[PDB]
Structures are given as structure tokens and as C-alpha cells.
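Heads up: the structure comes next, in C-alpha cells.
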Amino acid sequence: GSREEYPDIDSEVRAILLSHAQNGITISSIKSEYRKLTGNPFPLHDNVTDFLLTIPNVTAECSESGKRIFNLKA
Amino acid sequence: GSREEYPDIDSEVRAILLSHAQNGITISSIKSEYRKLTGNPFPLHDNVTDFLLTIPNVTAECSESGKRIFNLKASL
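Chains A and B are the protein sequences, given in the same order.
With the first letter of the first sequence counted as 1, position 30 gets the number 30 in the working numbering; the numbers rise by one all the way through.
Positions in the second sequence are counted from 1; adding 100 to them yields the working numbering.
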């Protein structure tokens with residue numbers, strides 16, 4: 001649905017995770033990383049998680065801090 | 101959570117995960133399981149994924165098949 005605007009969003013995002021894959025990255029941190037990556041703001045307001053788990057190999061879970069956290073497959 | 105409305109929902113779903121902790125499980129499988137197990141319909145309707153992700157030790161993933169697969173954090 002977002003791929004309407006950003007046909008590369010899957011790949012931009014994989015790039016962000018790939019970047020953060022050691023500790024995995026939060027959503028807010030993903031949004032920020034994406035601004036900084038593309039020069040553009042992360043397009044999704046809510047149900048970011050539902051969207052992210054659409055991208056193959058993207059994984060999610062709550063950290064030690066109980067924060068939701070995304071990464072790719074080990 | 102929605103645990104507010106549904107008294108045993110937590111332990112039910114965790115029971116299903118625990119049973120399935122080997123290969124992980126989809127959402128529809130989780131529902132039909134919950135039915136088979138409680139003889140009742142799965143209570144939740146909208147926003148199930150955030151729910152499951154609220155459960156301690158759970159991990160969602162997107163298979164290369166496109167499937168959304170829930171499981172329990174692997175023990176190292």
C-alpha cells in the first residue's frame with residue numbers, strides 16, 4: 001500500500017535493518033534512520049509493525065527493555 | 101491487555117505456542133487450535149499481531165513464502 005509512493009521501501013528498509021542487525025532496531029529508530037537514509041520521512045503512521053512484517057525475513061520481538069524490535073533472519 | 105476482557109487468553113495462546121514452539125505457527129492455525137482446545141471461537145478480531153508481540157518470549161517473522169510465523173524466542 002505504501003509501495004505506491006515508495007517502490008523501493010522494502011529495500012530501503014532491509015538496508016536499515018541490515019545496518020542495525022547486531023542489536024536490532026526500534027520503530028522510532030527506524031523512522032529516524034530512514035529520514036537520514038533517503039532524505040525523506042518514513043511514510044507510515046500506524047500499523048508500522050503490520051507493514052514491516054510484510055517484508056520477507058523481517059523479524060520482530062520485545063527486547064530486554066520490552067521494546068518492540070526488528071531485524072533480519074539469523 | 102485484551103487479557104482484560106478474556107480471562108484465560110494469555111495462558112491459552114501461550115499453551116498453543118508452547119505446543120508449536122518447534123516450527124512456529126500462523127495466525128489461522130492459532131485460531132483453529134484455540135477452537136479445538138477451548139471448543140470456543142477465537143475472541144480477538146482486529147490487531148492480533150500486536151497482541152501476540154505483547155506476550156513475553158514471542159517472535160513474529162516473515163517467511164520467504166510471505167507467511168507471518170509466530171514462535172517462542174529460541175533458547176541459546
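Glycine included, each C-beta is placed from N, C-alpha and C at the ideal position.
Residue i vs residue j beta-carbon contact at 8 Å
i: residue 25 of chain A; j: residue 18 of chain A; result: no
i: residue 11 of chain A; j: residue 43 of chain A; result: no
i: residue 53 of chain A; j: residue 149 of chain B; result: yes
i: residue 56 of chain A; j: residue 139 of chain B; result: no
i: residue 15 of chain A; j: residue 37 of chain A; result: yes
i: residue 113 of chain B; j: residue 130 of chain B; result: yes
Nearest to residue i (by Cα), restricted to the options the options
i: residue 58 of chain A; options: A/69, A/65, A/64; result: A/69
i: residue 105 of chain B; options: B/115, B/145, B/122, B/129; result: B/145
i: residue 134 of chain B; options: B/108, B/122, B/121, B/147; result: B/108
Bridge-paired residues (DSSP) for residue i
i: residue 125 of chain B; result: B/170
Coarse secondary structure for residue i, derived from DSSP in three states
i: residue 33 of chain A; result: helix
i: residue 108 of chain B; result: coil
i: residue 19 of chain A; result: helix
i: residue 14 of chain A; result: helix
i: residue 2 of chain A; result: helix
Original post:
Which parts of the region 140-175 of chain B are runs of the beta strand (DSSP E), unbroken and 3 residues or longer, counting only runs that do not cross its ends?
Top reply: For secondary structure counted as the beta strand (DSSP E) over 3 or more consecutive residues, the region 140-175 of chain B holds these complete runs in sequence order: 158-162, 168-172.
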